[PDB]
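Proteins come first, then strands; the chains are lettered A, B, ... in the order of their sequence lines, and each starts at number 1. No hydrogens, no waters, no symmetry mates; every other heavy atom, side chains included, goes into these values.
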Amino acid sequence: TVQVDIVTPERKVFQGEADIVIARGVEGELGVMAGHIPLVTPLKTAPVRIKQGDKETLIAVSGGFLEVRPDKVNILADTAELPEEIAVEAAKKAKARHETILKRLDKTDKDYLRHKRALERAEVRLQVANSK
Amino acid sequence: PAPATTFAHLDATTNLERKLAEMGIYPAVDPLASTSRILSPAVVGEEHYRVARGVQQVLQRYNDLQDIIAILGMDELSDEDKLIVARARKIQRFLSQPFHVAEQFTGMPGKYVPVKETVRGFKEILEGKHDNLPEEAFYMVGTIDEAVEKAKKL
Amino acid sequence: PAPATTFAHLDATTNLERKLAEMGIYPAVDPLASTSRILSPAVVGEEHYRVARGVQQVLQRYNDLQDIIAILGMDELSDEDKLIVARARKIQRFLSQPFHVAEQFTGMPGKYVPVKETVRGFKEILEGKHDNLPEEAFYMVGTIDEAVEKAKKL
Amino acid sequence: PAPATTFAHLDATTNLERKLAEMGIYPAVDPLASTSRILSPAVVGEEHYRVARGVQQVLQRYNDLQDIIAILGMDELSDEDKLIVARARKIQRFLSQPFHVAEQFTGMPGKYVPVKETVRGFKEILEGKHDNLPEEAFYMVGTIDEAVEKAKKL
Amino acid sequence: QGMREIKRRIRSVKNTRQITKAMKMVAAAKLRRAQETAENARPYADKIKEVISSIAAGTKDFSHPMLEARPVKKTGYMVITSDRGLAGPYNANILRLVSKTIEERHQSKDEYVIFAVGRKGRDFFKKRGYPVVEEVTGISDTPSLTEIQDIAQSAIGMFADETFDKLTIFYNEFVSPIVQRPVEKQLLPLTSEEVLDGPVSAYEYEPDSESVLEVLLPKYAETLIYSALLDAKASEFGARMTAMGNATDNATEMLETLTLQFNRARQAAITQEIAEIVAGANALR
Amino acid sequence: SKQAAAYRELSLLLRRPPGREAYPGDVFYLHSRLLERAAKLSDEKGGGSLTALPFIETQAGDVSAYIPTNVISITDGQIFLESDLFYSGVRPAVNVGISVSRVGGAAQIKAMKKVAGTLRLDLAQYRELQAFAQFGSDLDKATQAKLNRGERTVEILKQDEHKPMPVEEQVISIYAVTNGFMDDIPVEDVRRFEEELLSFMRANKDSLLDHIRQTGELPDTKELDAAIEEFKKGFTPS
């Protein structure tokens, strides 16, 4: 196994030894196990899946990056939540807000990236909430 | 001793207070200290008693907050207490009424309000149906319909 | 009853107060309770009257804020009241004065301030002309010029 | 006038506190509120007075930190306070005592503790000789030797 | 005086003492929480610094616009204040420093822009006609980085496209629960000495070191703004402890004074009442 | 109060000297001579008793007025009522903090004495820590649960007019709220939860009630816990 920490600026979200850490990198899906080469990569706003034998745990991560060592695996992100600690109604209202604004906006715009990233944060929070 | 001894001889008491009269709330009737032997569900019905008791609890809570608000400020309260303060002041003004015999003091025509109409008016204020009307709209009117009409003038 | 009945027999009254004496404000004259029949434009002139009532208006508002200031200090006051309190405290100290008879107690030599200088000094304080000067500069001096001079060695 | 005239003759006060009785601290004498005119180096010795005042200062400090401890926690306290809090809790338990009259309530036999033993016991706690003993050892015993004797049984 | 008037006041001051005492504890709890949140934000920032300094250590002729100083046409000013009051001179002190600094440094409003973090500052700046470009209010007592991310990214973005050429931040620096000091700290441009001195380590980068660096440098600037917020929050709640601790001590002083006045009037009332009854009885006999 | 004033009338008309509030020097003696005749006799004297419930009407809460001061000191305890509590809906409007019974536990059966210890502790801490009540969800979990427990016990202590409860039904209602069987149920449903619980206990689980009637003690606690939990599943909140 390898020790894994999923952390935000304000708190530690996940702590434990994992068999494999499945994270969606900007270039592709990483499958980080023990004895991996030292690596740093940005992550897409997506669920981070941690397998501890029989147990699977999804963490909704947005605006984060991965830092691998052979000894340790770190994920620092803007937001990270386990299924139980996600506000579901807030995510639905956030989804409906940002998606309806985004529909009347081209890519050449000041506020396009802000709404699209906020929409991705909302949808990933809903995906991880439904797994519970 | 005189008014204290008199209390034993009464079935209903209308307790006037100067602090209400000093604001312009007429008739200056104390909504808590005024009492009646027939204020119960058996006589006036379950709705009347519940609305009457609801008015007293809102006005009681407003009095408990007045000394706290005065020094420490309005914005330090919770959202529940801020809503209670807003409705209490509207309830207190809707308890006021212009009298037929007091036209020379009020400067407006007097109003008669039926009981079923009165109960309906204060019920809608407790439920929160007139939260967007200003305070002066509730002041010196008959029915709750007249308060809706008065708010348009302001 | 004794001092109460005495008031009828007086054209002017100097009302001394223990609170001012314990603060070091001598003579300990209450500036609002002390009255005079000849404080009017006809006798003392328009400028004297206007400045006198201007001083009393500042001190009256300062008096109204004492319950709040005692608990919370001057932090929760509005920008307007902060200025009024600041001017009131300077006015309060410029109202004090060292006496010729009190040389034995205090050690400071006594001062005689003409009416023109008194009217001029409190006028300049009301106009914000000495807002920059610290409070102790106004305490125990004669003219406003002596307060300007005292502020330098302070 | 009734208590004021009575207090003119009093030499001490024994103030019983309900909160100490709820904790099991009998006799429930408030060690800070209870006072005596003869607590001085003249009547009792220099050592008695030093130890008594030391106990008061330690118990007063512990009483002041109750609000800080309850919310912030023990880590908020400095290294000096942590030791004072530990000794204060030992001191508060050593102030309790089994009574000859209250054998039915407590179960244990009663104890008469001389002044010299009382002074010596609280002196040794303030000096830090018994810091390593558990807090239950100081509860419901006579002399300081009985507290040390209780420690082996725990 | 009048007993009814005094006993009304005793009830008012006793309740006001209870709330001020309670708000000291509520503030003190939030002080601890702000410091505990800062203990997580510091290693988070140090980790990002470690990767940035590692990239720079293994790059020939390393340079980036955020690390480079340039002539200052305009300057951005982030100012942290509280939303709520009852924090002593906390807001007054920091706004005094901003007023003094701007008057001495600048001769016109066109030379700078203000990001108003907090309601008390926003109202101060708007009332006196200061150039408030952006604002944020309703920040929670234990704030996340997300609650200031939009205004921080906007402020960082305005430096990147040369809308202004410098960014500093004003806040009350936490020393202790009693002591909080107004300060000005530079955010952009970043100082190369304090950012590139992290521990160097060999990492592979995906897609590459430039792409990772382009994400982490603005992200590091966000955490500097967030760390200033958490420290300003610690100063706010500490200032509220002291102010409401004083208000509690002042309330107990006044409550004693009112209790003396009450018992003076109570004793005087009974003395007068009984004297009039006995005087009335003696007149008959 | 009205008896005292009537004796004052006669004393003043007979020209006996007036004192505080014009009362004579034997008005204390009047009430003490009355109230001491109420007593609990010994076994040798037959064992009978007279219980007294004297009234005093205070004026604007002035408990330190002369006639109130007399009757307070004479009696074995006081049930202080207040207008603030009455207008809020706490009825009966009993101020528990200042009210006293010097007889205390001796006047209770063993079941009531055991459950009431936690009740007086919980209710004291609630009204003491009521300043934190407006500050919702900012507090630590220690003071959070005590406020939730405290406001629920207040609803049990509320009671309708002319509806006195048997002691066996009181102890089960107090046992339920103090041990935390109403923490799950909302605050507005506590009074309805009580009425339906005692209806359930009277009909089905009468053996637990009858044990308290006969022995004057609590039944098997784990059996009582099981009986309440069966009802709690059948109950529908709102």
Whatever's closer than 4.5 Å to a heavy atom in chain E on B:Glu76 counts as side chain

Over 12 foreign heavy atoms within 6.0 Å of CD, E:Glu184: yes

Smallest heavy-atom separation, B:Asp67 atom then E:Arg11 atom, equals OD2-O, 3.9 Å

Distance col, row E:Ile19:CD1 vs B:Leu77:CG, nearest 0.5 angstrom, shows 9.0 Å

**Prompt:** Got a sec: does the CD of B:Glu136 have more than 12 other heavy atoms crowding it under 6.0 Å?
**Reply:** no

When the 4.5 angstrom heavy-atom criterion is applied to B:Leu72 and chain E, the contacting part is both

Note to self: Counting only heavy atoms from other residues, nucleotides and ligands, does the tally under 6.0 Å from CD1 of B:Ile38 exceed 12?
What the structure shows: no

Quick check on B:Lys82: does its NZ atom have over 12 non-hydrogen neighbours (other residues, nucleotides or ligands) under 6.0 Å away? yes

**Request:** State, with a plain yes or no, whether a side-chain heavy atom of B:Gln66 is found less than 4.5 Å away from one of E:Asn15.
**Result:** no

* Should the heavy atoms of other residues, nucleotides or ligands under 6.0 Å from CZ of B:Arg18 be counted, would the total exceed 12? -> no

Honestly, the part of E:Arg9 sitting under 4.5 Å from a heavy atom of chain B is neither

